[PDB]
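# Results of the structural survey
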Amino acid sequence: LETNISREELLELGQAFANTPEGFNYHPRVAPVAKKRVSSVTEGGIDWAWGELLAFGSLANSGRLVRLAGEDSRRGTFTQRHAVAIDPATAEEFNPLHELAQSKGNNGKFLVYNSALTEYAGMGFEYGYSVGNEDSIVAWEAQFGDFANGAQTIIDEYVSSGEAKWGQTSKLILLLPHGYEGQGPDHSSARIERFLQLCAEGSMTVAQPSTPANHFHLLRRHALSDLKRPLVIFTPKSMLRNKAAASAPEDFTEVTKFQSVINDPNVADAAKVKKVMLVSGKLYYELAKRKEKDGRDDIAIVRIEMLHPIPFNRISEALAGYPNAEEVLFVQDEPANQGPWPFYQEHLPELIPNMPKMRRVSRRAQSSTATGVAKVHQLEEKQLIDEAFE
Amino acid sequence: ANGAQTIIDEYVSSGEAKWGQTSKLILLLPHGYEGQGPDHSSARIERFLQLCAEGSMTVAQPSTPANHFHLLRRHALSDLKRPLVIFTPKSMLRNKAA
Amino acid sequence: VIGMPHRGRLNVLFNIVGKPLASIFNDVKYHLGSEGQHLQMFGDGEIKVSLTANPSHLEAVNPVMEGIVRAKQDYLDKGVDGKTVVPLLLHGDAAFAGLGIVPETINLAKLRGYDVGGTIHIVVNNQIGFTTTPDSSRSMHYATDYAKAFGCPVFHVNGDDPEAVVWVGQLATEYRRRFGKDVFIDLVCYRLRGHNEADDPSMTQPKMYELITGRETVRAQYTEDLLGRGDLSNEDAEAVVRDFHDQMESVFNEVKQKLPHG
Amino acid sequence: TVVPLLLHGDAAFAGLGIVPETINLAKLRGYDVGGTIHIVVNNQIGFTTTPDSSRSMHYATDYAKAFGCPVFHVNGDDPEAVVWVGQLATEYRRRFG
Ligand SMILES: Cc1ncc(C[n+]2csc(CCOP(=O)(O)OP(=O)(O)O)c2C)c(N)n1
Ligand SMILES: Cc1ncc(C[n+]2csc(CCOP(=O)(O)OP(=O)(O)O)c2C)c(N)n1
Ligand SMILES: [Mg+2]
Ligand SMILES: [Mg+2]
């Protein structure tokens, strides 16, 4: 299945943020975001929020009903989405991607709502939407993935187990912000370990993409396929505005499929690498920065974009490309009893028998998810990257 | 008990590490695979053991009434101010060999 | 015993619980618990004041705080006419109406093993929740409408009239001691700044923030109101302002587990 | 034109917080469905627990007064009165949403 969009369709989507209705003007802090969306589709520098909206928008143009709901989801928790803009003078609302979809002639819709302060009812409502209309694309977003434990009954009893129990399928998308940035125990972990503990028989797809274009292709592959199973995506916070994370337009128009594993872009000679680091998420960019600063041509950093199912064939192909590798390190921000390490330490060695013994590099095991002191977090992050390289 | 996940994650399993606040709460959670279905079989042991680190809480599944007696009494008469999670039985309540 | 979220927590620690400035300042502080004492200026009564620890998950402290109160009441053991540990529980308007744990905990108020003589609820109703307005937060007329389900009274009071606010506080505490039931105070106020540091609240709510930006504070408005009606003299009004600057100057420079072996 | 008919038990309706948390979505823009017809099979017991230990509300259905909605308590041993209440409740939902 090819998930790329035409160059013409990409420019049309970008031009929707310029087709403002008669007598409508943006708020001056939202105006440069809209202006960058029109420039990005030819120049590049496409951020996470725009990569995600390019996917929801393209699907609505084909004729689908796209529904996105969550706390403060119109503007976005991190002031990044602006799917609905408001004129400060008249309080008039504008939804550019919905209007473009309605003008294509296939009755496509892009519906974005601000939910009430609820997780149990909120998520439950969106799971129900997916069951009442198989052909809709539905996404529930949490303020922070840490608050999804207040909807545990819906995760355990419907989303992760519905097909096995009753033969009832769903295509619900869970957008759960996750990332260790020093914001405390309730603003750092979406509990990846818990979601991977509920996975078996390919029950649901779990992913942590690192580039806006890969998130675009993941959402589009899920929507255009007949694999009627949920999609759990661990979305970023600081990586939303990282300049090294942005994508070029060719990543949406020339790149045809979603990538399970992304090989290292900065490798001069593959025969000289001796260490191989496996990582997943925003931590890649920090590790890559350190590799350039120190000039380490003996290390290779490979990203695992899809966590479940385990893309063991693509990981095997990547490790085969470095024939003089002596050790394989699994590097993550999360504590030793959390994150994707517990799942991968059990299953990856049995799926790739010739791979060397994996060595963990992470934060120490903890009762809580993360420290409450920001200075302690920065010290732990330095210790983590130092341990990986030495 | 998954309808009380916020209390398990944010208070019982993490309170001492986060704020230095201790508790000696006993959770009595019936568990056992006896054929009563998906909502009458597992207390999700794997989830409780995923939250354990630094001896945060004591987790046990006793097999004899006397051992359950000694576990409850050791917890109460000790100065180890940490929670106790016990996976209690259903059919084993009336097994003559137990 | 107080249960509350982050908004105004350090203010409550200094002016209500009575902790010294040096102890407060040495986001961890925004989740810890504390203890203090309250003496009355016009009386000879004393009362202990406690603050309970809580996570960032809003309203999760509600059942925990009630349980803390019941344990302290059982240890004193004063019977049916006792119930001398008062639960003072603070909420936000979006969280009070939206999260189900709020009415689930209030359902325990009259039950045999959970009764604590009633809870005083204060909803800081600033008519906003991050970027969400009440039209998308609740299907209830007022935020505090779960009170009508439990047969409890509600007092909606204007946050810019401090005389009416202190009266409601007294009446609600008098009602709790006489009837032993929950009481709900809806403090109708506003939120002056955005939800976080990097947020322009006029981006999403421009019309509401036309009325908020550049208005007199509750302190300044009340001083000017008393001086206008003749309730404060010109000389007496100048002293209140000098006292406000004195309180600021003083606060600003306030720098000077083992196993049972055997 | 799709009517939600939701059945509950008296102990569960009063006790579990998801009940009023879901009813709070009834008038919201992205969640409105024209009203829900709720039936509480109030058999005045919940396993071995009586209403005196199940709720601090006079009636099991008292979350209705929070949302400004009408309540009809009907005697389950008078089937004429039960069918009348069913009709009136469905007529009220179509007229007021
Ligand atoms: C259970 C839970 N869900 C979501 C959040 C995210 N969150 C933090 S503040 C906030 C809005 C709070 O609104 P309101 O209750 O009116 O409080 P205010 O900030 O206006 O005092 C939200 C949704 C949270 N902290 N806890
Ligand atoms: C969330 C949840 N908690 C607990 C139970 C256990 N349980 C099963 S039936 C029951 C009592 C139900 O009482 P009521 O709602 O009055 O229903 P009735 O059986 O009287 O129709 C309980 C507690 C459950 N099934 N679900
Ligand atoms: Mg508010
Ligand atoms: Mg019943």
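Shown above is the structure to which this text applies.
## Some details on the overall build of chain C
When helices and strands are counted, chain C shows nine helices and seven strands. Seen through its principal axes, chain C has C-alpha atoms that stretch 70 × 50 × 45 Å.

## Some thoughts on unusual backbone geometry
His308 of chain A connects to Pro309 of chain A through a cis peptide bond whose omega is 0°. Take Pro309 of chain A: it is sitting in the loop between β12 (306–308) and α12 (312–320). Of note in the backbone geometry, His82 of chain A takes a positive phi value of approximately 50° without being a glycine. The phi torsion at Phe130 of chain C lies on the positive side, around 65°, for a residue other than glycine. Here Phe130 of chain C shows up in the loop between β5 (120–125) and β6 (154–158).

## Side note on the coordination of the magnesium ion (ligand 3)
Residues and elements named next belong to chain C. Binding of the magnesium ion (ligand 3) to the protein goes through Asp93 (OD), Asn126 (OD1) and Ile128 (O), at separations of 2.2 Å. Look at where the donors of the magnesium ion (ligand 3) fall in the sequence and you get D-x32-N-x1-I. By relative accessible area, which is 8% here, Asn126 ends up buried. Residue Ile128 is classed as buried on the basis of its relative accessible area of 4%.

## Regarding the site of ligand 2
Residues and elements named next belong to chain D. Taken together, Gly9, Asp10, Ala11, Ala12, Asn43, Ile45 and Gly46 make up the full set of residues adjacent to ligand 2. For ligand 2, an oxygen atom lies 3.0 Å from a polar atom in the backbone of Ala11. Backbone polar atom of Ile45 to an oxygen atom of ligand 2: 3.0 Å apart, as the coordinates give it.

## Brief notes about the site of ligand 1
Around ligand 1 sit 17 residues in total, of which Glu119 of chain A together with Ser56, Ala94, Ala95 and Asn126 of chain C are the nearest. Each of chains A and C places residues near ligand 1. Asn126 of chain C places a polar side-chain atom, nitrogen or oxygen, 2.9 Å from an oxygen atom of ligand 1. Its free accessible area being 590 Å², ligand 1 has 92% of it covered by the protein chains. No other element matches helix α4 (residues 93–98) of chain C, which puts three residues into the shell around ligand 1. Taken together, the residues of the shell around ligand 1 sort by class into six nonpolar, seven polar and four charged.

## A closer look at the nonpolar core
All names here are of chain A. Counting residues in each nonpolar core, the largest one holds 45 residues, and the members touching the most others are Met123, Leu174, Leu176, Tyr344 and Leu348. For this core, the leading source of residues is helix α13 (residues 341–351), giving four residues. Discounting residues that sit within four places of it in the chain, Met123 has contacts with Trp140, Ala151, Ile154, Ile155, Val159, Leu172 and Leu174. Counting 44 residues, the second-largest nonpolar core is a separate cluster that includes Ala16, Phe24, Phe56 and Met306.

## Examining the sheet that holds strand β9 (residues 261–262) of chain A
Residues and elements named next belong to chain A. Taken in spatial order, the five strands line up as β9-β11-β10-β13-β14 in an open sheet, and their pairing is mixed. Every interior strand has two partners, whereas the edge strands, β9 and β14 (358–363), have only one. Note: strand β10 (residues 275–279) against strand β11 (residues 299–304), five bridges, orientation parallel. Bridge assignment links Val279 to a residue of β11, and that residue is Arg303. Taken strand by strand, helix α14 (residues 374–389) contacts β10, β11, β13 (327–335) and β14, and its axis lies near 165° from that of β14.

## Brief notes about the coordination of the magnesium ion (ligand 4)
For a metal with four tetrahedral donors the ideal donor-metal-donor angle is 109.5 degrees, whereas six octahedral donors ideally subtend 90 or 180 degrees. Residue and element names in this part refer to chain D. Donor atoms from the polypeptide that coordinate the magnesium ion (ligand 4) comprise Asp10 (OD), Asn43 (OD1) and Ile45 (O), at 2.2 Å from the metal. Along the chain, the residues donating to the magnesium ion (ligand 4) are arranged with the sequence spacing D-x32-N-x1-I. Residue classification places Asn43 among the partly exposed residues on the basis of a relative accessible area of 48%.

Procedures and definitions
- Residues numbered from 1 in each chain as written, not as in the entry; some residues may be left out.
- Chains lettered and ligands numbered in written order.
- Part of a larger assembly, values for the part shown.
- Heavy atoms only, no water.
- Residues with missing side-chain atoms left out of burial classes, pairs and counts.
- Helix = DSSP H or I, 4+ residues; strand = E, 2+ residues; numbered from the N terminus.
- Donors = N, O, S within 2.8 Å, 3.2 Å for Na, K, Ca; no water.
- Buried < 20%, exposed > 50% of the residue type's maximum accessible area, 1.4 Å probe, protein only.
- Near = heavy atom within 4 Å.
- Polar contact = N/O pair within 3.5 Å; in protein donor to acceptor, adjacent residues only side chain to side chain.
- Areas by Shrake-Rupley, 256 points an atom, 1.4 Å probe, with all protein chains shown as cover.
- Nonpolar A, V, L, I, M, F, W, Y, C, P; charged D, E, K, R; others polar.
- Core = buried A, V, L, I, M, F, W, Y, C linked by side-chain atoms within 4.5 Å.
- Contact = heavy atoms within 4.5 Å.
- Pairing = 2+ DSSP bridges.
- Axes fitted to C-alpha atoms, helices over the stretch in contact; angles between N-to-C directions.

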